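Q:
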Amino acid sequence: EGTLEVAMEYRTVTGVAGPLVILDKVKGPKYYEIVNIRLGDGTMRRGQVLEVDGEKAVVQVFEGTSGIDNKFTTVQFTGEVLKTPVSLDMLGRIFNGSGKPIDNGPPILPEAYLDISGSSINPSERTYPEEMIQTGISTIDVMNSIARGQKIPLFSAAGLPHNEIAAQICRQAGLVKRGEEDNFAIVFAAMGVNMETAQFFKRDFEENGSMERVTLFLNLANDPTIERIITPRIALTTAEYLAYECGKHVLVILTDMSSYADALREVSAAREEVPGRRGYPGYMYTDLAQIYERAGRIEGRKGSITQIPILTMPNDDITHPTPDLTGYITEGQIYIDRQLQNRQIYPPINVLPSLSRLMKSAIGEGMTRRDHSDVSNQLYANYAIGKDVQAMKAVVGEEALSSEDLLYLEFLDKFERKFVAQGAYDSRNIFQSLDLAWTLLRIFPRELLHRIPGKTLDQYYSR
Amino acid sequence: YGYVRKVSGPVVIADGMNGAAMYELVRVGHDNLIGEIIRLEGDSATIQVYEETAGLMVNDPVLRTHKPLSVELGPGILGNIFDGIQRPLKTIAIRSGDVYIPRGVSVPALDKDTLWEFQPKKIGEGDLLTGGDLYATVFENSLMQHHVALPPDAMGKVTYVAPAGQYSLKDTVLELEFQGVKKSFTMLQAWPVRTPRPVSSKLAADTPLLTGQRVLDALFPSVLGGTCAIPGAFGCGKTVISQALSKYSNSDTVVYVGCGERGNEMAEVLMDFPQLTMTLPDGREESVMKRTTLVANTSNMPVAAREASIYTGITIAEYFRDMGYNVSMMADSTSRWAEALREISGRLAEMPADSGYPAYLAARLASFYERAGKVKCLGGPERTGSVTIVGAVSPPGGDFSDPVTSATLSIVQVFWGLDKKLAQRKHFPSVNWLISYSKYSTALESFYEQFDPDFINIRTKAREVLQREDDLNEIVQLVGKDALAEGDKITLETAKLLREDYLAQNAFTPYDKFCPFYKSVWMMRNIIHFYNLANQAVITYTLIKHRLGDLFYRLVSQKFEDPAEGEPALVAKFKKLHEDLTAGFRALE
Amino acid sequence: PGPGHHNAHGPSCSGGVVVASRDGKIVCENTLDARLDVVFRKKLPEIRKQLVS
Amino acid sequence: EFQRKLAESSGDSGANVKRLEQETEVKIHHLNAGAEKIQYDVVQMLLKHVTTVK
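Residue numbers (PDB author numbering), protein chains in the order written: chain F, 12 to 189, 200 to 484; chain A, 21 to 558, 569 to 619; chain I, 174 to 226; chain J, 56 to 109.
Listed below in structure tokens is the structure:
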């Protein structure tokens, strides 16, 4: 084997500006080589070499440039890109943003060092998601369902209970069961969460007793802004190792993706890169791809990576660059409405903008019922007509609702009342909920229904 | 050693500073102009100087400090007045005599020649001590005893302990050796503003911030070590709430922090605090300044000092919490701080983000706000303090859409929402119940039920009544009070009584200047219980309205009672009134 | 220049040499302890694989 | 009835805890067998640290 070499320690640091540390007289640099910077005080922090030109090197330190002296700090070039020591033993533990074990436990004994930002899967070898998931919440499963390998985020403005919904989904996560070793292992990324939210996550996960199959990658808002960018990379790399290289299906969760967007914006503004819309970097689409575009099923392996991000519209606007690019990349949306929260509904899922682009394959005959697609389409389409009827009633009066419009208004009322609402710990099965969905569709006459054929639901029978 | 080379406005380039460190404060020129290092390109440095750089001379000396922007803590920190960059305004004025702030003042933050009474703990001359150990306490003044904590990042076996007596900060009150080398510590601790203070464990907040106002105490409670937000731009509500916090809040200390507001407004507030006086529960009369510290940086002050004032204040609050005291910070105008940060960013030509603020504004605001919380102390003996921030916001025109407002609402747990409409309608509390909220009620429910298990149910019923108040409002708006049912009329009347009797305070009146939580709880019980007892009887609304005149008067007076009689007497009176109202509602049914 | 003025301490540095250019700007700390640390960190996955089974 | 039902839990939890303690002891004995794996592999990885060439 090629003989090893001890990393060269330099002291030629010849410039500091912003978060970027300049070096000179570097002997044979390497792009994206991880360099750990030791200050004169002796404290150490990591960093990446962003731009390599000639014998120079423009390093981006992690813990901040503060305290770096141009004649007393030393930089050591490890000569290798960032690598996360993934291992099967990493399950049931908590790690910092960069991966420091923070559960008062010994560090990870790596089964293999794996580089973050792993290469893409050859789409010829890529396959298609073909199985539903039993998260434990009615409205997500019944309409705009989630497939074992499908990516889909949660759109929810600030202050909404989306964190509680994520915690409930993670604690109640399970297969359809229509096995425990390959059962759902949950990788729980936490980008830029509050300390109270962090303690809540830790306590809730420890309480459900599923610590044996859940990994927390916590990154608080106190941690450096650049260190938040590598947290999703590490989480997804560990998920890739667990799923493809070990077998068990992984249900990747990342909270506050808007925090990741803000971290990207801060890092880009630091280096003065070309700005896209709203001052975000012009390559944000590619970065959000490298984060999201890993969920899927690989042909030769029995693993599967399901992605459930959690975004937050900053101004409660769907047109914001982060949610817009996500919706471009994320293959569907599960939407949460503040207006429904104003009505004191615990799971404020609004179904009008919520659609799963892979639902057309999750449904079928192996699972669910043969009337799933048509019933979902009707409860998706008649809601818009009910909203239009409500608007007409608001702008004209109660007399505007004719013998047909009043039916749509009553449909909307009952749909928002009974169907959407669910218990904080209710595992409402599909058929029991689909019966009430059929009742809601049957509030309207069985002949005015245009899109659905009568025979489709007629195959199913009430009681 | 070190000479300037290029002076382009605020930006300054100085050669011969190879050993300089990033963000290390430096003294520039003979006038001792103070500026922070930004870029260390080459063997040269780059400094932005806070005060005006007009009149600098090339090759004028530059003197390093080997320390970032730091604050000298210790005895004498309370009471005084300090600038943004930790400059004692009062002593500067006394020493210079004149009024103007000299360009290049060098007065130390705390007088190092004044004497304070010192006495050590029972520690021995050869014992072992570590960082955060409380080895002595000092009577800086009456009723504000100051503990002397051994500085963090310092530990070792005890070598020398100063016996009790009269001493000054320049004296070496403590000396100890970890290794064979020995270090001697005085009573002055320096700590960078940017670096937070070391903590042992971030506890869960479990005690409400009793502000003395019923609306904040019961409707939208705030917990010790919890963030708070105020949309304060007019109506003097910010002044009112600040005075309430200074006088009646549970906090053992208050650290007001004013940045970039109107100079005359800061003059008014800094003349108001000395006039403010608070009585002790033991019957003693004190001055709020004896427990108050004030950091005021007006608009005329340098922009960098305006940005650093907030961090200075929060570091002072953390130092106070280091000895387990409950201390409350009050950021006067976070909007002004954000504008100062924007000006600094424009000076640095950083790439603009949403609405012109730099992209790190939200991140820096979150980093600042994350320092609040109930925290276990570092080092023994065991004790626990808290730091709560009640920093206000000034949205432009009231539109809660500016990035400062959005970030603050995203980070702050409890938002109280002062409304100018209520101020126009002559509302002393001015708290809009329709927009305020308290996200910490779920965590505070433990204490809420421990004090009274029915109090939380009463609060939920009051929230439901407030929610139905607007419903009845448009009901009266569209058809009038005629269409209201007897139960609906009773609910509307009870909501109006709650709004005009308990949800509103009288402040200026001696009887309603301070509202104890006991009186608040009894008033809430006497209101909600009466509301229900009248509700289930549906009885003609007119008949019960006629026959409950005495009950209505009792409910109204349930807040007119002064706190002079104390909790045992007022609680008994409120209980008797509630029993009488219940008897009148039940017997007449 | 050699250790004629200062030297790597014995127990703290089991052996090896350090080579640095003029002014000590670039240093290649090729001591035995660092060599062991690097080879250990590199070969750790093999160690784990052989500890099991 | 609830107290009678929960009485069996006071023993079941203790039995599960004892079983877990014994399983952990057996796992450490496998790490003592790992210490036997140490006896069989320490010399192996010590001779693996012959990277003292060139």
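Positions of the beta carbon are idealized from the N, C-alpha and C atoms, including for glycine.
Considering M291(A), what are the terminal residues of the beta strand (DSSP E) in which it resides?
A: From DSSP, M291(A) is part of no beta strand (DSSP E) but of the alpha helix (DSSP H) over 283–295.
Q: Pick out the complete beta strand (DSSP E) segments inside the region 232–259 of chain F, 3 residues or longer, and give them in chain order.
A: 235–241, all fully within the region 232–259 of chain F.
Q: Give me the Cα-Cα distance between residue 563(A) and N363(F), rounded to the nearest whole angstrom.
A: Coordinates for residue 563(A) are lacking, as chain A steps from 558 to 569 with nothing built in between.
Q: Shortest alpha-carbon distance to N107(F) belongs to which of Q411(F), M212(F), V273(F), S483(F)?
A: The residue with the shortest Cα to Cα distance from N107(F) is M212(F).
Q: Is the beta carbon of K269(F) less than 9 Å from the beta carbon of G324(F)?
A: Yes, Cβ-Cβ distance for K269(F) and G324(F) is below 9 Å.
Q: Would you give the residue range spanned by the beta strand (DSSP E) that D35(A) belongs to?
A: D35(A) -> beta strand (DSSP E) spans 31–35.
Q: If you follow the beta strand (DSSP E) that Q59(F) is part of, which residue opens it and which one closes it?
A: That run of the beta strand (DSSP E) goes 55–62.
Q: Between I93(J) and chain I, is there a C-beta pair that is closer than 9 Å?
A: Closer than 9 Å to some Cβ of chain I, the Cβ of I93(J) qualifies, so yes.
Q: What residue range is occupied by the uninterrupted alpha helix (DSSP H) comprising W211(A)?
A: Element bounds for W211(A): not the alpha helix (DSSP H) but the beta strand (DSSP E), 209–212.
Q: Enumerate in chain order the residues of its own chain whose CB-to-CB distance from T333(F) is below 7 Å, with the five nearest sequence positions on each side excluded.
A: Taken in chain order, the residues that qualify are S167, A168, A169, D277, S279.
Q: I need the straight-line Cα distance from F448(A) to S355(A), nearest angstrom please.
A: One C-alpha to the other measures close to 24 Å.
Q: Determine whether the Cβ of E219(I) lies closer than 9 Å to any Cβ atom of chain J.
A: By this cut-off, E219(I) is an interface position.
Q: Please classify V105(J) as buried or exposed, where buried requires at least 16 other C-beta atoms within 10 Å of its C-beta.
A: The residue is exposed, with fewer than 16 neighbouring Cβ atoms inside 10 Å.
Q: Run through chain F and tell me which residues come within less than 8 Å of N180(I), C-beta to C-beta.
A: Simply none; closest approach about 18 Å.
Q: Hey, would you say the C-beta of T157(A) is under 8 Å away from at least one heavy atom of the ligand PLP?
A: What this structure holds is no ligand at all, so the ligand PLP is not there to describe.
Q: Given a limit of 8 Å on CB to CB distance, which residues of the region 101–128 of chain F reach chain I?
A: For the region 101–128 of chain F, which is checked against every Cβ of chain I, the residues closer than 8 Å are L120, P121, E122, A123, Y124.
Q: Using a C-beta cutoff of 9 Å, does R208(I) count as contacting chain J?
A: Yes, contact with chain J.
Q: Using a beta-carbon distance cut-off of less than 8 Å, what residues from the region 192–203 of chain I approach chain F?
A: Result list: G197, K198, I199, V200, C201, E202, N203.
Q: Checking 9 Å against the spacing of the C-beta atoms, do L60(A) and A41(A) come in under that value?
A: Yes, these two residues count as a Cβ contact at 9 Å.
Q: Report the partner residues of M349(A) according to the DSSP bridge assignment.
A: Answer is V275(A), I409(A).
Q: Please report the straight-line C-alpha distance between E261(F) and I326(F), rounded to a whole angstrom.
A: Between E261(F) and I326(F), the C-alpha separation is close to 7 Å.
Q: Leaving out the 5 sequence neighbours to the left and right, which residues in its chain are closer than 7 Å to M388(F) when beta-carbon positions are compared?
A: So the qualifying residues of the chain are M143, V187, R189.
Q: Report the neighbours of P335(F) on chain C: residues whose CB is nearer than 7 Å to its CB, in chain order.
A: Given the protein chain composition of this structure (F, A, I and J), no chain C is represented.
Q: Return the CA-CA distance between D592(A) and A405(F), expressed in angstroms with no decimal places.
A: Distance between the alpha carbons of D592(A) and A405(F): 57 Å.
Q: Out of curiosity, what's the CA-to-CA distance linking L135(A) and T89(F)?
A: The straight-line gap from Cα to Cα measures roughly 55 Å.
Q: Beta-carbon within less than 7 Å of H167(A)'s beta-carbon, same chain only, minus the 5 sequence neighbours each way: which residues are those?
A: Hits under 7 Å: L154, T157, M343.
Q: Give the residues of chain I in contact with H104(J), contact being defined as C-beta atoms less than 7 Å apart.
A: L209, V212, listed in chain order.
Q: Return the CA-CA distance between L600(A) and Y446(F), expressed in angstroms with no decimal places.
A: Rounded to the nearest angstrom, the two C-alpha atoms are 44 Å apart.
Q: Measure from the alpha carbon of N81(F) to the alpha carbon of each residue in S423(F), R22(F), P112(F), then state which is nearest.
A: When each option's Cα is compared against that of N81(F), the closest is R22(F).
Q: Please list, in chain order, the residues of the region 57–70 of chain J that have any C-beta partner in chain I closer than 9 Å.
A: Flagged: no residues at all.
Q: Comparing alpha-carbon positions, which option in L430(F), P342(F), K414(F), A316(F) lies nearest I464(F)?
A: It is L430(F) whose Cα lies nearest to the Cα of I464(F).
Q: When the cut-off is 9 Å and only beta carbons count, does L492(A) lie next to chain F?
A: No, its Cβ sits nowhere closer than 9 Å to a Cβ of chain F.
Q: Compute the Euclidean distance between the alpha carbons of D292(A) and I113(F), then round it to the nearest angstrom.
A: Taking the straight line from one Cα to the other gives about 48 Å.
Q: Smallest Cα separation from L237(F): which of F209(F), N229(F), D244(F), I79(F)?
A: Nearest option by C-alpha distance: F209(F).
Q: Can you tell me whether DSSP reads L373(F) as helix, strand or coil?
A: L373(F) falls in the strand class under three-state DSSP.
Q: On the CB-based measure, 16 or more other CB atoms within 10 Å of its CB, does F198(A) come out buried or exposed?
A: With fewer than 16 Cβ atoms within 10 Å of its Cβ, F198(A) is classed as exposed.
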